[PDB]
Amino acid sequence: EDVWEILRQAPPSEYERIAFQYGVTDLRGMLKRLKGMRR
Amino acid sequence: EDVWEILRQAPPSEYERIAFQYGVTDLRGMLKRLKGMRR
Amino acid sequence: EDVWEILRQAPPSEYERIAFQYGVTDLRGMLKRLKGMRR
Amino acid sequence: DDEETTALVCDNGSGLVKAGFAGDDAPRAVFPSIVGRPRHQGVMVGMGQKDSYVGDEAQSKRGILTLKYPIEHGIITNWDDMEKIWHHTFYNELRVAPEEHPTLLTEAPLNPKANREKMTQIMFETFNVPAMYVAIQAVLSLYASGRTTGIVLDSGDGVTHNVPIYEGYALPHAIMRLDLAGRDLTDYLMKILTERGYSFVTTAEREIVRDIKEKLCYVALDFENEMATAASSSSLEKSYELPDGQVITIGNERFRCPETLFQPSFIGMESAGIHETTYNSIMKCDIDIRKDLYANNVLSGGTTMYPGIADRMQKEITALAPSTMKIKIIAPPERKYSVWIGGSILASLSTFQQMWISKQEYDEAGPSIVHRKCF
Amino acid sequence: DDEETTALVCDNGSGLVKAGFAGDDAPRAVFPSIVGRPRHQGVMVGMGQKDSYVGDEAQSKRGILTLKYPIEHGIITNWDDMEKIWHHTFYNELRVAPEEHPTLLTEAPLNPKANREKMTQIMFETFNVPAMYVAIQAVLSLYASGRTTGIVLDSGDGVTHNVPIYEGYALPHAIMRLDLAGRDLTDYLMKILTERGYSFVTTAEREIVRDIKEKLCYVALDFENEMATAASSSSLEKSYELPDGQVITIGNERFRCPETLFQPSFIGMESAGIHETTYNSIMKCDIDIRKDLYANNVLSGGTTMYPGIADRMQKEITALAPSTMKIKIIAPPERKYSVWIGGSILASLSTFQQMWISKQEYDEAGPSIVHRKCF
Amino acid sequence: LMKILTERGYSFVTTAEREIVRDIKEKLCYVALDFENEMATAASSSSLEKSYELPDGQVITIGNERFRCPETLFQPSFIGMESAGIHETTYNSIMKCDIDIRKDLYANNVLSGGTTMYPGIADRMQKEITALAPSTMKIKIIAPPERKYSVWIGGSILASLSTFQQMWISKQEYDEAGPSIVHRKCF
């Protein structure tokens, strides 16, 4: 996918664009797991 | 005013010019009363 | 045609006259290819 | 049982159809442009319980009977509705045979032709009026203006156009519509009041709200300082008896309804306020017509009857117009009837019967006749 | 990371800004000359939601984002808009430093000087290109014509001039503009289709309509017999998929849009058709240039790409020209790029780098330098 | 449901009686895509003709209701509501949407709301939108199973959105601006 690395290296907020670009409607979830990590 | 006599003696349709010249935006009205007379 | 050789041997700017004389309204193009060569 | 005839000045005021005669003075017809459906049918003995007597009774049947404009957007989606609408007119309140009284026809621009095509023929057949004739509601008001030069702002029954004109001379190019309808304001009102603590959706609920606007809702010239005024101004802070018997309380809305006609942001509309529609029109107008406008800045449209209407009109045009020129918007109180009035005039204009839509003329040229060199 | 430089053939095609390099073959830049504003701002997490990335993305953001040309009338009302327009160019699609690549500048006549003044300096400062240089879009196409004699009809991206020329020799006196822009035709189209049963006003609604013209809208040589053809000709009577998914139906418009360029009556414009602009120009031309024209009747402007374009061109000139002389209008298919092409040529014309706008030259003479003995 | 079952032979009014009934819906009550042929199906379809243990211990019997409860969301006639079905609310909304958002919708026809968890939910959603939408466009309603939590989930996200703590309602901010603060430029 690279969505992992791309989003980690995505522009800080535009993980919006990258997640929802690569099908990740759960940018919500991408960040929420990243938050269970950073929560 | 004379708008009465002038319009009665105005050129038949150009009561337009005479009424609206002498302030009678109601050439509309001048004729509509003339029509309640001639209606 | 010889327009090639003539224009290469045309007077430097008057490739104008030679190109447009031999039908080459694209002296424009003659030079633009000569420029893709010399650009 | 009388002399030749009286043309039939029939006017479907964008919200209400209305009419009198040629030379008449008051449209003897005035009433809602709706159709009404009950839901439940309690099994009721006997009859007399019409599905669709909306006309002017149905609002008596409001609630159970629903609402239907045929011209909903100044757009007749349906006609038989409007058909019996006419018959209602001609036979209950007009209670009169079409066949023997001519009529001029009220219309706003922007109509695909067949609308009129159909209305026309059917008016002949169902109606056999001596002859009909159509006329742009816009133009009708225009003569109803009698200031043959200058634009008119037609924001009326539910309509909106700018009508640049010049001793009868108007530029359609510069001419425009604003989809806004007092119905629209109605809308945002429902939006606000409901969300603001109210549950206001129902057809006649819309009835009450439109009543509310046309009785109390206004606008203040200014907004932002006017906004601060709203911030605590208790005077406006007035509750009105909800016709259930409740007394609907009212504040900033009473004005924050209409004003958006200058800022569809509130309706969210991409469009622009009525005023600068006027102004870009005028700028389209020739170099020095503009002063003509300024003397001829004729508003039209009763629903716009609100306060300050011109107050803003002028202030913003000022804000845009060169003070060099002197502005004057024009708006009679009687703007509803104005259109009717001028139509009564034109049709009543004896020197003009040549124009009316004759049965035959149609007949030979069918309806399509109507279009070229006639309407 | 290469040799001296490539001039920057940057072309703000009246509708789209476009560009390549000197000696290039295809303007690698092509895209709308608009700016876009959303309205609502749903409170949206995160960011990336630019106000004004119109460039070539915003049409992706069409609807919410509105439309803004800076050169609206071939008239830059605003620049920072166009400024970041450039930067977008030079840094996203040009993605290239101005400072090290020269550029020629595309312009139509009729511009008050300071437009270029400002564009120039700021191009140096914001851009520090090695040096710039401007050139009339008209002239640019002209060499792009290479028929150094004869007029060219430049009705292009959204522009319109006549460009009488004669082995490079053009008479500005005889030279003219037609305010018409494919946007204008767009307009009347909206007028018609909307009034004809459609509600078509929105910015990208205009987008669709312009697409409509440039894909399907045409003109037939004749009108009135062509009109009768329209009267029932079913072939034209074709509906096109509205990009909502609707299939917009189409008839007489597809041609009744553009043709008015010969009769602004439809646009109501006081002006006269393109053809007789050509003809009065030519008559202004010397006695026997006229045959030069006839061989050099170069059209220019892709939006004019429609059918018959020359078909009429010739037929009416005929209708006006002495059959003595033999006419020939000239219009490549590739008229959009033509202007770019000839600019790529001139700028790419090595024997010509002396002309480019040097930082210094400006510096000593500020911008005003640009004017005399240079542009 | 109370209306029907009660009048249909039942005496079901009590608060937790409502409890049982809501349980009934959320466990068994459904909807069939179609109605009228579905109606004929109901006319004798024994499979549906299933009684469920009333939590008194009774086994409440069930037939056409199990579906004739929810479906009226498309026809408030049954609730007698003047309103219109959910679907065409969607559709008039979308038509309000810009010209070509509509395909966006079609890919983004996101349902939300667990109580709507019933069968066919989208099944209809799509079928009627079809019935209304141009087949030109391709529809797709969106509804996760987990729609209850979804709202919670996204809230957990936003709030959990570290880059966003600036928004939270601070005691002070209120304090200076009282509550009215909350409104402009904040909520």
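Residues numbered from 1 in each chain as written, not as in the entry; some residues may be left out. Chains lettered and ligands numbered in written order. Part of a larger assembly, values for the part shown. Heavy atoms only, no water.

### A word on the overall build of chain F
Short version of the rule: Secondary structure is summarised from DSSP: a helix means a run of H or I of at least four residues, a strand means a run of E of at least two, and numbering begins at the N terminus for each. Based on C-alpha atoms, the radius of gyration is set beside the globule rule, defined as 2.2 Å times the residue count to the power 0.38. The rule is simple: take the accessible area with a 1.4 Å probe, protein chains only, and divide by the maximum for that residue type; under 20% is buried, over 50% is exposed, in between is partly exposed. By definition in these notes, contact holds between two residues if any of their heavy atoms fall within 4.5 Å. All accessible areas in this document rest on Shrake-Rupley with a 1.4 Å probe, and a residue is counted as covered only by the protein chains that are shown. Residues scored as charged are limited to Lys and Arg (positive) and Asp and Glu (negative), so that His and the chain ends carry no count. Where a charge lies is defined by one atom per residue type: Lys uses NZ, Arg uses CZ, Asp uses CG and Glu uses CD.
Within chain F, the regular secondary structure consists of nine helices and four strands. Counted from the first residue to the last, chain F has its helices and strands arranged as α-α-α-β-β-α-α-α-β-α-β-α-α. For 187 residues, the compact-globule formula gives about 16 Å, and the C-alpha radius of gyration of chain F, at 22 Å, lies well above that figure. Taken along the three principal axes of its C-alpha coordinates, chain F extends 65 × 50 × 30 Å. Counting all 187 residues of chain F, 31% fall into the buried class. A separation threshold of at least 6 residues defines the contact pool for chain F, and within that pool the share at least 24 residues apart is 52%. With an accessible surface of roughly 11400 Å², chain F has 63% of that area assigned to carbon and sulfur atoms. Across chain F, 21 positive and 24 negative side-chain charges occur, with their mean positions spaced 3 Å apart.

### Focus on the interface of chain E and chain C
Just so we agree on the cut-off: Buried area: the accessible area, evaluated with a 1.4 Å probe, that two parts lose upon being put together, summed over both parts. The rule for a salt bridge is simple: a side-chain nitrogen of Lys or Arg has to be within 4 Å of a carboxyl oxygen of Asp or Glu. N or O atoms closer than or at 3.5 Å make up a polar contact, with two conditions inside protein: a donor-capable atom paired with an acceptor-capable one, and, for residues adjacent in sequence, both atoms drawn from side chains. Polarity classes work like this: nonpolar for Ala, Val, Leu, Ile, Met, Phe, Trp, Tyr, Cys and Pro, charged for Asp, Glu, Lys and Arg, and polar for all others, with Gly in that last group.
Listed per partner, the contact involves 22 residues of chain E and 14 residues of chain C. Both sides of the chain E and chain C interface together cover about 1300 Å² of buried area, and 49% of this is carbon and sulfur. Put simply, chain E and chain C have two salt bridges between them. For C:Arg39, the salt bridge identified is with E:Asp24, shortest N-O distance 2.3 Å. Joining chain E to chain C, the criterion identifies twelve residue pairs in polar contact. Only helix 4 (137-145) and helix 12 (335-348) of chain E provide two or more residues apiece to the side of chain E that touches chain C. Per-element tally for the side of chain E that touches chain C: the top contributor is helix 12 of chain E, with six residues. Here the residues of the side of chain E that touches chain C are counted per class, giving nine nonpolar, ten polar and three charged.

### Topic: the packing of helix 2 (residues 80-93) of chain E against helix 3 (residues 113-127) of chain E
Residues and elements named next belong to chain E. Keep this limit in mind: Working convention: axes come from line fits to C-alpha atoms, limited for helices to the stretch in contact. Angles between N-to-C directions cover 0 to 180 degrees. Working definition: roughly parallel below 35 degrees, roughly antiparallel above 145 degrees, roughly perpendicular at 65 to 115 degrees, and oblique for all remaining angles. Two helices that cross are described as forming a left-handed crossing if the nearer one is turned anticlockwise from the farther one by less than a right angle, and a right-handed crossing if clockwise.
Relative to each other, helix 2 and helix 3 sit at 40°, their axes nearing to 12 Å. Compared by their axis directions, helix 2 and helix 3 come out oblique. When the axes of helix 2 and helix 3 are compared, the crossing they make is right-handed. Across the interface between the two elements, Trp86, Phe90 and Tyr91 of helix 2 pack against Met119, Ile122, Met123, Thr126 and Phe127 of helix 3. In terms of residue class, the contact of helix 2 with helix 3 is made up of seven nonpolar, one polar and no charged.

### Some points on the packing of aromatic side chains
All names here are of chain E. Under the convention used in this document: Classification of ring pairs rests on two measures: the distance between centres of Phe, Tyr or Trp rings, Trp counted by its six-membered ring, which must be within 6.5 Å, and the angle between planes, read as stacked under 30 degrees, edge-to-face over 60 and tilted in between.
Here the structure, examined in full by the defined rule, presents 16 aromatic pairs over all chains. Between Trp86 and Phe127 the ring centres are 5.5 Å apart and the planes differ by 45°, which places this aromatic pair in the tilted class. Taken together, the positions of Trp86 in helix 2 and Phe127 in helix 3 put the pair 41 residues apart, joining distant regions of the chain. The exposure classification of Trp86 matches that of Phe127, with both residues buried.

### Some remarks on the environment of D:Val219
With respect to the helices and strands, D:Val219 occurs in the loop between helix 6 (203-215) and helix 7 (224-232). Considered as a pair, D:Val219 and D:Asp24 are 195 residues apart in the sequence and their alpha carbons are 34 Å apart.

### Remarks on the packing of helix 3 (residues 27-38) of chain C against helix 12 of chain E
Two elements in contact, helix 3 of chain C and helix 12 of chain E, have axes separated by 9 Å at closest approach and are oriented at 60°. Put simply, helix 3 of chain C runs oblique to helix 12 of chain E. Regarding helix 3 of chain C and helix 12 of chain E, the two cross each other, and that crossing is left-handed. In this structure, helix 3 of chain C uses C:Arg28, C:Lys32, C:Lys35 and C:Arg38 to contact helix 12 of chain E, whose residues at the interface are E:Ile341, E:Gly342, E:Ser344, E:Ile345, E:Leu346 and E:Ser348. A class-by-class count of the residues in the contact of helix 3 of chain C with helix 12 of chain E yields three nonpolar, three polar and four charged.

### Concerning helix 8 (residues 147-160) of chain F
All names here are of chain F. Here is the rule we go by: In a helix, the anticipated span is given by 1.5 Å times the number of residues less one. As used here, the arc belongs to the directions running from the helix axis to the C-beta atoms.
The terminal C-alpha atoms of helix 8, which comprises 14 residues, lie 19 Å apart, in line with the 20 Å expected from a rise of 1.5 Å per residue. Those residues of helix 8 lying buried are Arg147, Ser156 and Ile157. Looking down the long axis of helix 8, one finds its buried residues gathered within 145° of arc, a one-sided arrangement. Pointing more than 90 degrees away from the buried face of helix 8 are the exposed residues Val151 and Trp152.

### Here we look at a nonpolar patch on the surface
Heads up, the condition is: Patches were defined on residues exceeding 30% relative accessible area and lacking a salt bridge, with like-charge contacts within 9 Å and nonpolar side-chain contacts (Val, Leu, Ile, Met, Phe, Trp, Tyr) within 5 Å.
A contiguous nonpolar surface patch, about 320 Å² in accessible area, is contributed by E:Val45, F:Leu158, F:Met167 and F:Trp168. Summarising the element assignment, F:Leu158 is placed in helix 8.

### Focus on a negative patch on the surface
Taken together, E:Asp1, E:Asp2, E:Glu3, E:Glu4 and E:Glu100 make up a surface patch of like negative charges. In this fold, E:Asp2 is placed in the segment before strand 1 (10-11).

### Describing helix 6 of chain D
Residues and elements named next belong to chain D. The end-to-end C-alpha distance of helix 6, which contains 13 residues, comes to 18 Å, matching closely the 18 Å that a straight helix rising 1.5 Å per residue would cover. For helix 6, the set of buried residues is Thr203, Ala204, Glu205, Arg206, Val209, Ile212 and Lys213. The inward-facing, buried residues of helix 6 abut helix 5 (182-195).

### A closer look at the pairing of strand 4 (residues 103-107) of chain E
All names here are of chain E. Note the threshold: One requirement defines pairing of two strands: DSSP has to find at least two bridges between them. With the strands pointing away from the viewer, any crossover whose connection runs clockwise from the first strand over the helix to the second is right-handed.
The buried fraction of strand 4 amounts to five of the five residues, a majority that puts the element mostly inside the structure. Of the two faces of strand 4, the one carrying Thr103, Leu105 and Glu107 and the one carrying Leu104 and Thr106 are both buried. As defined by bridge partners, strand 4 adjoins strand 5 (residues 131-136) across five bridges and the pair is classed as parallel. When the bridges of strand 5 are listed, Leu104 appears paired with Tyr133. This β-α-β element, strand 4 to helix 3 to strand 5, shows right-handed connectivity.

### Examining the side chain of F:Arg124
All names here are of chain F. In this structure, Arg124 sits in helix 7 (residues 121-132). Summary of buried charges: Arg124 has no salt-bridge partner, and the nearest side chain of opposite charge, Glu128, is 4.4 Å away. In this structure, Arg124 is in contact with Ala32, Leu33, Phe74 and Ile129, ignoring residues within four places of it in sequence.

### Focus on the nonpolar core
The condition that has to hold: Only buried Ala, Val, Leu, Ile, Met, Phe, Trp, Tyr and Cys residues count toward a nonpolar core, and they belong to the same one when joined by side-chain atoms within 4.5 Å.
Residues D:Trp86, D:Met123 and D:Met132 are the most contacted members of the largest nonpolar core, which totals 36 residues. If you list the elements that add at least two residues to this core, you get strand 2 (16-19), strand 3 (29-32), helix 2 (80-93), strand 4 (103-107), helix 3 (113-127), strand 5 (131-136) and helix 13 (359-365) of chain D. Sequence-distant contacts of D:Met132, that is, excluding residues within four places in its chain, are made with D:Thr103, D:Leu105, D:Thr120, D:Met123, D:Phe124, D:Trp356 and D:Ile357. Residues E:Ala29, E:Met82, E:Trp86 and E:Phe127 belong to the second largest nonpolar core, which totals 35 residues.

### So, the sheet that holds strand 7 (residues 161-162) of chain E
Residues and elements named next belong to chain E. Strand order in the open sheet formed by five strands is 8-7-6-11-12, with mixed pairing between adjacent strands. Taken across any chain shown, the strands that pair with only one partner, and hence form the sheet edges, are strand 8 (176-177) and strand 12 (329-330). When strand 6 (residues 152-154) meets strand 7, the two strands line up antiparallel, connected through two bridges. Residue pairing in the sheet places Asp154 in a bridge with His161 of strand 7.

### With respect to the sheet that holds strand 6 (residues 152-154) of chain D
Residue and element names in this part refer to chain D. With respect to topology, five strands assemble into an open sheet ordered 8-7-6-11-12, the strand pairing being mixed. Only two strands of the sheet have a single neighbouring strand rather than two, namely strand 8 (176-177) and strand 12 (329-330). Sitting on the sheet, helix 10 (residues 289-296) touches strand 11 (297-300) and strand 12, and the angle it makes with strand 11 is about 45°.

Geometry only, nothing functional implied.
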